[PDB]
Amino acid sequence: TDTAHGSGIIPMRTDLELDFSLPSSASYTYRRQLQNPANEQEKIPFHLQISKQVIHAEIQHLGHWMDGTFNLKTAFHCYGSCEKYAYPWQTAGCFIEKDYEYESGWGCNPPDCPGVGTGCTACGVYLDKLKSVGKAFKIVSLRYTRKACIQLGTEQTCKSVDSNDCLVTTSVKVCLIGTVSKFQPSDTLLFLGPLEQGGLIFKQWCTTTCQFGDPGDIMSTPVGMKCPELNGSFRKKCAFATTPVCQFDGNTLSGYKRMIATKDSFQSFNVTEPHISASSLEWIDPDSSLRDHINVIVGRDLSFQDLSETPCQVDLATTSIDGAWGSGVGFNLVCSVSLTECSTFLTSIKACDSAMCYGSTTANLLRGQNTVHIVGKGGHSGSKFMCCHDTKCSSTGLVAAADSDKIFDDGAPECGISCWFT
Amino acid sequence: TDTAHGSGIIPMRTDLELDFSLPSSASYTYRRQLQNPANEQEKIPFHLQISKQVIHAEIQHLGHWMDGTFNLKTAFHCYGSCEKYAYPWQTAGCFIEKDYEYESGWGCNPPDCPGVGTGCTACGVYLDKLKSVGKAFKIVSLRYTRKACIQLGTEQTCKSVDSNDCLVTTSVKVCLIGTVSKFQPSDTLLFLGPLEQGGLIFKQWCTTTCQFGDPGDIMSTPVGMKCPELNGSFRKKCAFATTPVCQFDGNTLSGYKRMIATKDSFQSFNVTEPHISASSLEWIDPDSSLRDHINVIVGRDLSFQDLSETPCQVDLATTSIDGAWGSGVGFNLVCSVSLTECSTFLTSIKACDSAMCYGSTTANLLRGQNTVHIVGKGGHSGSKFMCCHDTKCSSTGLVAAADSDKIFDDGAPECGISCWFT
Amino acid sequence: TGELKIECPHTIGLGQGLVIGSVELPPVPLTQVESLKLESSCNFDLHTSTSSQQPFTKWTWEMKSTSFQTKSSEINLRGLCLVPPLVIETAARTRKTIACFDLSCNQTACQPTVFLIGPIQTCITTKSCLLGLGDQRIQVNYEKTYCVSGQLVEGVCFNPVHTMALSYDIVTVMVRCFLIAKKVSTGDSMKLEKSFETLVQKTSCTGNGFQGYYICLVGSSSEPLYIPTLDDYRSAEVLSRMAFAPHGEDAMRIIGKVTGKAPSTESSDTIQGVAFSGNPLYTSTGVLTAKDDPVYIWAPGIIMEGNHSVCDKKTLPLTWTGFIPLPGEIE
Amino acid sequence: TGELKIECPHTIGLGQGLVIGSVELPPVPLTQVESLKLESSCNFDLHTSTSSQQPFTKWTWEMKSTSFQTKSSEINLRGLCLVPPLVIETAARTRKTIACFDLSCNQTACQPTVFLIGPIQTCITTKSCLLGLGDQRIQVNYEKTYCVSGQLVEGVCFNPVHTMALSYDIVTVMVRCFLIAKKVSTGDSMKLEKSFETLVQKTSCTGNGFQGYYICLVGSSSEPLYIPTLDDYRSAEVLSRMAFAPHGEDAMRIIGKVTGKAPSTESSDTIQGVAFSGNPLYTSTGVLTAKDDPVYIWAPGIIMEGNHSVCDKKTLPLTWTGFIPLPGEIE
Ligand SMILES: *[C@@H]1O[C@H](CO)[C@@H](O[C@@H]2O[C@H](CO)[C@@H](O[C@@H]3O[C@H](CO)[C@@H](O)[C@H](O[C@H]4O[C@H](CO)[C@@H](O)[C@H](O)[C@@H]4O)[C@@H]3O)[C@H](O)[C@H]2NC(C)=O)[C@H](O)[C@H]1NC(C)=O
Ligand SMILES: *[C@@H]1O[C@H](CO)[C@@H](O[C@@H]2O[C@H](CO)[C@@H](O[C@@H]3O[C@H](CO)[C@@H](O)[C@H](O[C@H]4O[C@H](CO)[C@@H](O)[C@H](O)[C@@H]4O)[C@@H]3O)[C@H](O)[C@H]2NC(C)=O)[C@H](O)[C@H]1NC(C)=O
Ligand SMILES: *[C@@H]1O[C@H](CO)[C@@H](O[C@@H]2O[C@H](CO)[C@@H](O)[C@H](O)[C@H]2NC(C)=O)[C@H](O)[C@H]1NC(C)=O
Ligand SMILES: *[C@@H]1O[C@H](CO)[C@@H](O[C@@H]2O[C@H](CO)[C@@H](O)[C@H](O)[C@H]2NC(C)=O)[C@H](O)[C@H]1NC(C)=O
Ligand SMILES: *[C@@H]1O[C@H](CO)[C@@H](O)[C@H](O)[C@H]1NC(C)=O
Ligand SMILES: *[C@@H]1O[C@H](CO)[C@@H](O)[C@H](O)[C@H]1NC(C)=O
């Protein structure tokens, strides 16, 4: 018992060229039936399956981003020089010292030390509580790959198409030419927590002249610590008959603190299925912010005679149902697809009713029995859902009671207004 | 004196994305005027210039293709063995010998030598008149590059965009993603004469099992000669009381002869501006049989304030004309373009009249006077041709009496039927 | 009233953890320091060790007209954080609470820092209670944690790695450590300053014989961590941070180098440091590294020498507060 | 009537070029070979050298019952291509035409190959004319070339490189060469077979004393090319093709090895070769390489030894026809 739920029939009078713009986290399923222009009853299946985008980024390990606390201390001496004694800030992890050597007058002098031009006033800015807050990587190069499978008549061919490669067969050619990317080289990816949580994108990550407060000021490189300088100047505040204290009118908040303050002003990104090594970082972008340009061309010299002997026979039967026919609940259909006269055959099964088809599922069937699950949403009260191939469907169906990041394009003519609100 | 011959004005409410499919031997010129959505009178020029396609093919030098003549000789001996004496064919360049050692009966024996099982009949197939007919190269890898220049407001940026690279600026991004190619790896390019004359494409170029008649049978490799075997078998034709002659029922014509016979059954190609080295072969395909997919995107955060201070002023004046206004003869116009307040500015001048514009010429002007030639075809009897920028044109024009592999796209509204046959 | 906050976990778990909190109080005059007694109204079992009399060499400086006169004498203090061996290590089992203070002093005034350590069961028995020190009242507040599996660290809920093998997120946590005097009869296993010297020295120091160790608590609650535990990554981290910040991690005016006799009965100088004035910043208590038998020092207005690269006249602090990065999971 | 085609260039040009053509005629019986005289009705100035009497050793084989009997004797031939030194080299200046034949023979019959060489001016004076040889008439046809700058080679118009320095298309052209006997008093500059031996030998041959050289014409017209000219790429090419195809480049039945005495007055064998029957294929004339003074051989039914790798009993052919690749431009 078959029903008119076939695929788009395309006569091969001329070559079949196609251009695609695949989103980042999207898998395409384009299938038609190429018709011999010399015989209306000679048709061969053509299936095109393209996977998601795999982003391969050769990166440079920048290290760990450290967060510290600002501290300032002052050290006064009556006689000697500033380069004679030691100070507790000189032994810290990061420290910057500005000393007023031989600048002991009398207005800044304490009640002790009745001398002029003989003392020393050293000021030390150091950072404590250094703790790692995230990991930083720098993009060196980018590479985008997609896995494509074709099914023409009885032939099946698969390949991982790169930017400098194409899946070329005797009749079909699939090329990957362009890629619009959110990421580009010389960018800095910062992961605050683990990888799966995503991260942020920084462009002006300081490398040579880092200051306290800039993104990347304090870094825990594998060679050692890399401390920045300060954004400000020193000054000596003093009163009469008091020890001269040291002031610093500059930036006090660290780079991580300012980043948390204005985190909304930076670019965010997510990752899925991450794989990081000592040289690369592979992941799939789920935000669908990248587009790949794919060119497919099928010549009209298909030789319909060679692709017609012993085609792939497919039988199916609906065996189980679970869910509801309401628009929003969804139902799950189980099909027992039996493939014969072919070792492997790439096609797709649809869950159809008397009128429409509310779901599809692409699967590479093996010679024998195959269990296929199909998800669907919609239907009416008396909708008897069945499993369906191109034209042939199951003998019986089942009835129910009371997105997925896949794209299906089979060229089937959808039902008009007669199937709306019935 | 200006006239409404402006470019396409595009309001920047949203981002400007574009997809291009450039032919092989084609240069594109896309220019518009991006308008500030907050001020109708704030417009900045946007120019996009893309050069022709440069095909870089890392090749393998196969050597020279040799052409020879088929020859067969026979040598008979009464006593001894076939591996005892020498033959004149053994010292040739290419030779294949099949001998009937110890097979001397009596029906094939001459009037002399009344013996049985003691003679020797050697047969030698050799090739003479070996002369080179062409050079062969084998494609190992392919690479396609295009040089792109952008002009946005007062900024100018150029780069050679590869397949793994993009011209990325603060507001414009140009990427090269896909390339539909007539050539693919493992192909054999054969040049009969010099490079500029073009060549042929061979797929089944014999490498391991070469036979006389196949493309690539006799090769003059730099290491030495590489001789093939023969497509046939030997036999001994003999009569009573006569010396046994040797026959060869096989292929006699050489590989070059058969290639000349069925030359029309092979793929041909042309080259322009060739550059060959010990490892590569660079050329531009003039047949326009390759297509490059380019993605251009301009963000709407153009900051029209920064790109408005001190724009590029351009003055022009028509100074010479030469040709006719007939549809087919053509005319050449000379313009004296004066660029001020900018060091370098990329734009294009058009040869327009009261109604239409019959030609254009893109040039990167320098600060000062610039002589620009513009070719045009068309016009009427009273057509006073003038030089024109976006809006401003020259003060006067000139009148005449009695393709180029460039593509121009400025978005200007062409004249309707009012300019046809007037 | 000061505030001593205790962060309470949701469960007791594996039994051997302690809670810890601490607060630095306002300055008291020096003359009052010798009278300071910790009082408690809390419903816990105070360990009596720390409130006994404990002999210190007091080392002080005065301006003179290098420009300094120093002097020293032996006095008895009480209530300081001189914890005997095993007391902290077995507190979870004994159900004893340790409450003691350290002193951060200039010439004229001291800020006591009160430390409270005790069993996690205290979190069941107690919401708040009071300690007194001289004329100051301290409100201890036991507060239940925002987190489900860990502790609130830098405004983030964190659980550190637990396995004994090698395998994560990284969070910086507070560590608080107490110096414990502990001798053995034979060998160098307890020569704590030798451990520092191997980490930060070029050449061989002759005589750094102090015998003891640090016992530390990590974050607001943990099991005790013994320093040094040679194959423990956290011990290594604490020791390295100690070696670079020997007075702990977190205006004071430096005057110059001073020396003195500890104990005061020594004929020559056995200690050095840096005299300062202004606001006390570091703790003013430690032990000489040179003597097997601990010589305890209280040096108000002097940062006693703690640089481990020096050979002579150096000290170890009685308490030490710093931060170490831990690998784990943020949740 | 045979046909001897001369391809005529559009211009004379630089003055020193010659035209050349050749044709192989049908078989004549051996007894008639000694009577053969070239006659000419052509309007050109025949050089008289080649029609004089020239002494050859005739070397022949017969079946016997290794299975061969060979014999030899001294006879005089006329009209063969034994060209004196300078005759071809200066023919453009002297305006002399050389017409002579070589012989390709089996035991019973010979095919003469007639060679005609002469000044390019003949192309102005002459459209066609007649040569006779015995009972055969030969039609010489002078035909103007399809090309503008070069010569019709393999159906293609070709012009070779002209510069003396090093710098193209590659075309294979015919070369025809004549052996010239020329002695010097002192040294090895004219020892032609030594040149072959350096190119194709492992070890040292003792006695290959023939003194002479080849003079060659390239294509249908060229200046004479002297072999060997040591630094000339074309000389190198001709010599290498000679070394691999010593009887020239282009059913015959091989019978076996034979030896003989040349001249016949020698007490032992001085020559070897391979006896054959059937259609004559190679020329049957040459010179012994062993003697300074040329010993000319005519060996009908025998391919005389020309393999340069052999040391003894070998020969050089009187004429040699082959092909070499030339660099140039196809147009
Ligand atoms: C050891 O450290 C202690 C504590 O850090 C320190 O003693 C304190 O010094 C400050 C300032 O030197 C004292 O502050 C005073 O507080 C009273 C309280 O009412 C104020 O009225 C005073 O104000 C006057 O003085 C200021 C002088 O600059 C003026 O700006 C102001 O307008 C007023 O005229 C005054 O600030 C504080 O009382 C003491 N604290 C104690 C506990 O005694 C001490 O100096 C350090 N010792 C050494 C030797 O460095
Ligand atoms: C030296 O070379 C010469 C020339 O290549 C060669 O002499 C020639 O031999 C052929 C065949 O052996 C002779 O051909 C004959 O021609 C006459 C002309 O009318 C024919 O009638 C003959 O035909 C009969 O013989 C054939 C035998 O197979 C039959 O097939 C046929 O039907 C006829 O019965 C015959 O073919 C030719 O005449 C001579 N040429 C000359 C110039 O004498 C000679 O054999 C070679 N010598 C040696 C020793 O090898
Ligand atoms: C810790 O002590 C050592 C040894 O006294 C100090 O090291 C010296 O420091 C000065 C200046 O930094 C150098 O010129 C010397 O060469 C160092 N000597 C040695 C032996 O290392 C070190 O500076 C002290 N650290 C402090 C005061 O923080
Ligand atoms: C030319 O002469 C040489 C020497 O007689 C021949 O070389 C010998 O050839 C045989 C078989 O090819 C080899 O086994 C010997 O080792 C060769 N000897 C030397 C010394 O090279 C050569 O074959 C002859 N060429 C012919 C008859 O064409
Ligand atoms: C990452 O995923 C979260 C999930 O809620 C989403 O809100 C966010 O927009 C995603 N990031 C981007 C850059 O789209
Ligand atoms: C090469 O150029 C010639 C010029 O006439 C043209 O006829 C030919 O078609 C070109 N080759 C190809 C492959 O288009």
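The name given to chain C in the PDB entry is Envelope polyprotein, with the source organism recorded as Puumala orthohantavirus.

With the PDB entry as reference, chain A is termed Envelope polyprotein, source organism Puumala orthohantavirus.

Asker: Talk me through the interface of chain B and chain A; I want residue IDs and the actual numbers.
Answerer: Between chain B and chain A, the contact holds 14 residues from the first and 15 residues from the second. Surface buried jointly by chain B and chain A totals about 1100 Å² across both partners, of which 49% is contributed by carbon and sulfur atoms. Run the count over chain B and chain A and you get 0 salt bridges. Linking chain B to chain A there are 8 residue pairs in polar contact. The set of elements that each furnish at least two residues to the side of chain B that touches chain A consists of β10 (172-180) and β20 (291-298) of chain B. Looking at the side of chain B that touches chain A element by element, the count peaks at 7 residues for β10 of chain B. Looking at the side of chain B that touches chain A, its residues break down into 5 nonpolar, 8 polar and 1 charged.

Asker: Break down the site of ligand 6 for me, citing the residues and quoting the values.
Answerer: All names here are of chain B. What surrounds ligand 6 is the set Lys 182, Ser 268, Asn 270 and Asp 287. Here an oxygen atom of ligand 6 and a side-chain polar atom of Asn 270 are 2.4 Å apart. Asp 287 places a polar side-chain atom, nitrogen or oxygen, 3.3 Å from an oxygen atom of ligand 6.

Asker: Now, about the relation of the copies chain B and chain A: what can you tell me, with residues and values included?
Answerer: Of the transformation superimposing chain B on chain A, the axial component is 0.4 Å and the angular component is 179°, with the fit at an RMSD of 0.0 Å. Here the symmetry operator amounts to a two-fold rotation axis. Ranked by how close their C-alpha atoms come to the rotation axis, the residues of chain B are headed by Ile 177 of chain B, at 1.8 Å. Comparing contact sets, 100% of the residues at the interface of chain B also lie at the interface in chain A, consistent with an isologous, same-surface contact.

Asker: Could you give an account of the pattern of salt bridges, naming the residues involved and the relevant values?
Answerer: Under the criterion given, the structure shown has 39 salt bridges over all chains. Residue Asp 409 of chain A pairs with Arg 32 of chain A through a salt bridge whose shortest N-O separation is 3.2 Å. One salt bridge connects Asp 293 of chain C with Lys 183 of chain C, and the closest N-O pair in it is separated by 2.8 Å. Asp 293 of chain C sits in the partly exposed class, given a relative accessible area of 47%. Of the residues examined, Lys 183 of chain C reaches a relative accessible area of 46% and is grouped as partly exposed. Several salt bridges converge on common partners, so that one network encompasses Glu 193, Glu 197 and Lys 314 of chain C.

Asker: Tell me about the domain arrangement of chain A, and please be specific about residues and values.
Answerer: Taken domain by domain, chain A comprises domain 1 (63-134 + 205-263) and domain 2 (313-419). Using C-alpha coordinates to define each centre, domain 1 of chain A is positioned 71 Å away from domain 2 of chain A.

Asker: So what's going on with the packing of aromatic side chains? Residues and values would help.
Answerer: All names here are of chain A. Counting across every chain of the model gives 44 aromatic pairs over all chains. Arranged with centres 5.8 Å apart and planes meeting at 55°, the rings of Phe 137 and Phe 191 form a pair that is tilted. With a gap of 54 residues between them, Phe 137 in strand β7 (residues 120-152) and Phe 191 in strand β11 (residues 188-191) connect regions that are remote in the sequence. When sorted by exposure, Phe 137 lands in the same class as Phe 191, which is buried.

Asker: So what's going on with the arrangement of the chains? Residues and values would help.
Answerer: One thing to see here is that chain B and chain C don't touch, and their nearest C-alpha atoms sit 34 Å from each other. Across all C-alpha pairs, the smallest distance from chain A to chain D is 34 Å, and the two are not in contact.

Asker: Residue-level account of the sheet that holds strand β21 (residues 296-298) of chain D, with values.
Answerer: Residue and element names in this part refer to chain D. Strand order in the open sheet made by the 5 strands is β7-β6-β21-β20-β23, with mixed pairing throughout. Two strands in the sheet have a free side with no partner beyond their single neighbour: β7 (68-78) and β23 (315-317). Each strand axis lies, on average, 35° off the axis of its neighbour in the sheet, ignoring direction. When strand β6 (residues 53-63) meets β21, the two strands line up parallel, connected through 2 bridges. By the bridge assignment for β21, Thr 57 is matched with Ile 297.

Asker: Could you give me a rundown of the site of ligand 1, with the residues and numbers involved?
Answerer: Residues and elements named next belong to chain C. Neighbouring ligand 1 are the residues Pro 27, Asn 106, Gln 107, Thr 108, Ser 277, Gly 278, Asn 279 and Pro 280. Take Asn 106: an N or O atom from its side chain is 2.4 Å from an oxygen atom of ligand 1. Note that a nitrogen atom of ligand 1 is positioned 2.9 Å from one of the side-chain N or O atoms of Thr 108. Bound to the protein, ligand 1 loses 26% of the 930 Å² it would expose on its own. Looking at the shell around ligand 1, its residues break down into 2 nonpolar, 6 polar and no charged.

Asker: An account of the pairing of strand β8 (residues 155-161) of chain B is requested, with residue identities and associated values reported.
Answerer: Residues and elements named next belong to chain B. Two strands pair when backbone bridges link them, and strand β7 (residues 120-152) and β8 are joined in this way by 7 bridges, in the antiparallel orientation. Bridging across to β8, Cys 149 finds its partner in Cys 158. Connecting the antiparallel pair β7 and β8 is a turn made up of 2 residues, with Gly 153 showing a positive phi of about 65°.

Asker: Describe the interface of chain C and chain A, naming the residues involved and giving the relevant values.
Answerer: In this assembly, 28 residues from chain C lie in contact with 34 residues from chain A. Between chain C and chain A lies a buried interface of about 2400 Å² when both sides are counted; carbon and sulfur atoms form 52% of it. For the chain C face of the interface with chain A, the top three residues by lost area are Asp 250, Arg 253 and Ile 254 of chain C, together amounting to 28%. As a salt-bridge pair, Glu 154 of chain C and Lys 131 of chain A come within 3.4 Å of each other at their nearest N and O atoms. If you look at where chain C meets chain A, you find 18 residue pairs in polar contact. Listed by contribution, the elements that provide at least two residues to the side of chain C that touches chain A are β14 (169-181), α4 (233-244) and β18 (253-260) of chain C. It is β14 of chain C that contributes the most residues to the side of chain C that touches chain A, 6 residues altogether. Tallied by class, residues from the side of chain C that touches chain A come to 17 nonpolar, 5 polar and 6 charged.

About the cut-offs
Residues numbered from 1 in each chain as written, not as in the entry; some residues may be left out. Chains lettered and ligands numbered in written order. Heavy atoms only, no water. Contact = heavy atoms within 4.5 Å. Buried area = accessible area lost by both parts, 1.4 Å probe. Salt bridge = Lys/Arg side-chain N within 4 Å of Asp/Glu carboxyl O. Polar contact = N/O pair within 3.5 Å; in protein donor to acceptor, adjacent residues only side chain to side chain. Helix = DSSP H or I, 4+ residues; strand = E, 2+ residues; numbered from the N terminus. Nonpolar A, V, L, I, M, F, W, Y, C, P; charged D, E, K, R; others polar. Near = heavy atom within 4 Å. Least-squares fit on C-alpha atoms. Buried < 20%, exposed > 50% of the residue type's maximum accessible area, 1.4 Å probe, protein only. Domains from an automatic or database assignment. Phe/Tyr/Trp six-rings, centres within 6.5 Å; stacked < 30°, edge-to-face > 60°. Pairing = 2+ DSSP bridges. Axes fitted to C-alpha atoms, helices over the stretch in contact; angles between N-to-C directions. Areas by Shrake-Rupley, 256 points an atom, 1.4 Å probe, with all protein chains shown as cover.

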